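For reference, the structure is listed below as structure tokens.
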Amino acid sequence: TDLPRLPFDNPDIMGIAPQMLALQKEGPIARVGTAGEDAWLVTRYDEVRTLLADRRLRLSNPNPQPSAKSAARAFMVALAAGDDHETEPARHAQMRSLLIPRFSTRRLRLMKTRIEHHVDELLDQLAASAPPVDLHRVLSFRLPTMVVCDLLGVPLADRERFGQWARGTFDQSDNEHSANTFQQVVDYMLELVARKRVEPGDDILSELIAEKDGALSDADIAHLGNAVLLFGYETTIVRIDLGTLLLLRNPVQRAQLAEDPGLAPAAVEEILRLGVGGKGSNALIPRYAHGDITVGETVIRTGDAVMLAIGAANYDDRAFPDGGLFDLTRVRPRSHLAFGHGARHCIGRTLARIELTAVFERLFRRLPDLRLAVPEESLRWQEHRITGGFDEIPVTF
Ligand code: HEM
Ligand SMILES: CC1(C)C[C@H]2C=C(C(=O)O)[C@@H]3COC(=O)[C@]4(CO4)[C@]23C1
């Protein structure tokens, strides 16, 4: 008997920690220690998907004496309207009602066109440069920040101002840096709301300002803008990095994709399913039980913390045959859980898929000899950031 303690070691730079796969083999749910509270860890696909759809399991903490959280986690939960368990039902319902129509098919069609031309220009700059080059800086970082500038209706150079703010806000190692960074986010977005009130355009804040004939306060609108800024580029950056790394590890699939860019949608779904970095602490969706829930033969009691391991579940052999293998020829693969599921299912997931599809349609056809310029083992997953990520991806081509 030895209580497993999150985060688990991973000897590889990607994939699932061996101890978590070991727990998955024993059963769907295990009690584990963490850096803070003990929690139930749920690792099998069927159970994680069922619990994500169970509205007794919520983001907000119902306990009278809530355990302490990093400033970074507190900001993340507040941006998702989860900071007050008594008001989360109404506030979270309103948040989704106001954000979902911002990602209309009309907007997504226009953005797909602009995204595809942008990737073309990004890859032309890449192809013309002298290697070694940092692919993270010149490609992975640049497309999703371009997209957030488009959503917010600001000049592209603004991403040079806000491009490290998700990382800084979500730095769990430094509460002062996290709070100082979030203040910069807030000031920028309040500036932006005041501008869009007199100079609207075809963008998110302008639509929120017009919503319900102006019923929302500037603070309410800026809060929604902050969620889009802070949730809306960094995780996509990380998936371009992971997808590149995964395709580099699978040359037969990569050659298939280069020969037939029509496989990119399928490749993107495999990248999202298998794209887990380092110790994979970001591939856990945290929840609290607001009522008792039975999982197998285990009772989760009201107030218990629950970690839903979407990464481990996406590797589950019971849901994906040969779950550890990258295979963009899978016939009718189950829907992966990388965007979550249920009440908090990722709001930008169709836009994120358009970005990743546009990149991987193009990348290895534009740069067929692309490869790392450094050993894989030298790439360092940033465990202190809630969103993880690599800081650089040196390549030659
Ligand atoms: C590949 C890139 C992305 C991944 C892997 C991802 C992943 C996720 C996941 C797993 C959740 C669920 C969190 C939970 O259940 O508590 C989520 C929620 C969310 N995502 Fe995404 N996301 C991505 C891109 C985006 C983009 C591009 C946007 C917007 C521009 C966005 C906006 C949001 C928002 C606002 C939420 C909060 C949903 C809620 O709490 O109701 N995400 N995302
Ligand atoms: C709102 C989020 C940014 C989306 C989710 C994906 C993430 C990621 O890929 O890094 C974030 C990591 O931390 C979490 O709690 C998550 C798993 O819910 C995320 C919160």
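In this chain, numbering begins with 1 at the start of the sequence shown. Both ligands and their constituent atoms are indexed starting at 1 by order of listing. What you see below is based on every heavy atom in this structure, not just the backbone, and it leaves out hydrogens, waters and symmetry mates.
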Closest non-hydrogen contact found for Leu79 with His223 is CA-NE2, 3.6 Å

Please work out, at 4.0 Å between heavy atoms, whether the side chain, the backbone, both, or neither of [X] comes within that distance of ligand 1.
X: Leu151; result: side chain
X: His92; result: side chain
X: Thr236; result: both
X: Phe103; result: side chain

So, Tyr188 versus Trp165, ring centres under 6.0 angstrom or not? yes

Ring-ring centroid check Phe162 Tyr233, cutoff 6.0 Å: yes

Nearest-contact summary for [atom] - protein heavy atom, Å:
atom: atom 37 (C) of ligand 1; value: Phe231 CD1, 4.3 Å
atom: atom 6 (C) of ligand 1; value: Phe339 CD2, 3.7 Å
atom: atom 33 (C) of ligand 1; value: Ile347 N, 3.8 Å
atom: atom 3 (C) of ligand 1; value: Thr235 OG1, 3.3 Å
atom: atom 15 (O) of ligand 1; value: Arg287 NH2, 2.7 Å
atom: atom 28 (C) of ligand 1; value: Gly348 CA, 3.6 Å
atom: atom 1 (C) of ligand 1; value: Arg239 CG, 3.4 Å

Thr357 side chain vs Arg353 backbone, donor-acceptor pair below 3.5 Å: yes

Using non-hydrogen atoms of the residue, decide whether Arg349 is closer than 4.0 angstrom to ligand 1. no

Does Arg353 come within less than 4.0 angstrom of ligand 1, counting non-hydrogen atoms of the residue? no

So that I can tick it off, tell me whether [Y] and [X] are bridged by a salt bridge, with the cut-off set at under 4.0 angstrom between side-chain N and carboxylate O.
X: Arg380; Y: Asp391; value: no
X: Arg287; Y: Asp304; value: no
X: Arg344; Y: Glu88; value: yes
X: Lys196; Y: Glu207; value: no
X: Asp120; Y: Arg366; value: no
X: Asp316; Y: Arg318; value: yes
X: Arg56; Y: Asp292; value: no
X: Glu269; Y: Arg334; value: no
X: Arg273; Y: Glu270; value: yes

I'd like to check which ligand 1 atoms, numbered from 1 as shown, lie under 4.0 Å from a non-hydrogen atom of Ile285. 14 (C), 15 (O), 16 (O)

Relative to the heavy atoms of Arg96, which atoms of ligand 1 are at a distance of less than 4.0 Å? 38 (C), 39 (C), 41 (O)

Tabulated below should be the N or O atoms of ligand 2 paired with protein N or O atoms at under 3.5 Å; can you produce that?
from, atom 1, to, atom 2, distance (Å)
ligand 2, 9 (O), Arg239, NH2, 2.8
ligand 2, 9 (O), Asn282, ND2, 3.4
ligand 2, 10 (O), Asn282, ND2, 3.3
ligand 2, 15 (O), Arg73, NH1, 2.9

May I have the step-by-step check of salt bridge (charged side-chain N to carboxylate O under 4.0 Å, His left out) for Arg91 and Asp83, ending in yes or no? CA-CA 10 Å; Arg91 291 184 66 231; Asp83 43 320; 2.9 Å; yes

Can you tell which of [options] gets a heavy atom nearest to [atom]?
atom: atom 13 (C) of ligand 1; options: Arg344, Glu355, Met76; value: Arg344
atom: atom 21 (Fe) of ligand 1; options: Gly232, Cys346, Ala283; value: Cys346
atom: atom 7 (C) of ligand 1; options: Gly340, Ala338, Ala343; value: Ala338

Are side-chain heavy atoms of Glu211 and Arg102 found at a separation under 4.5 Å? yes

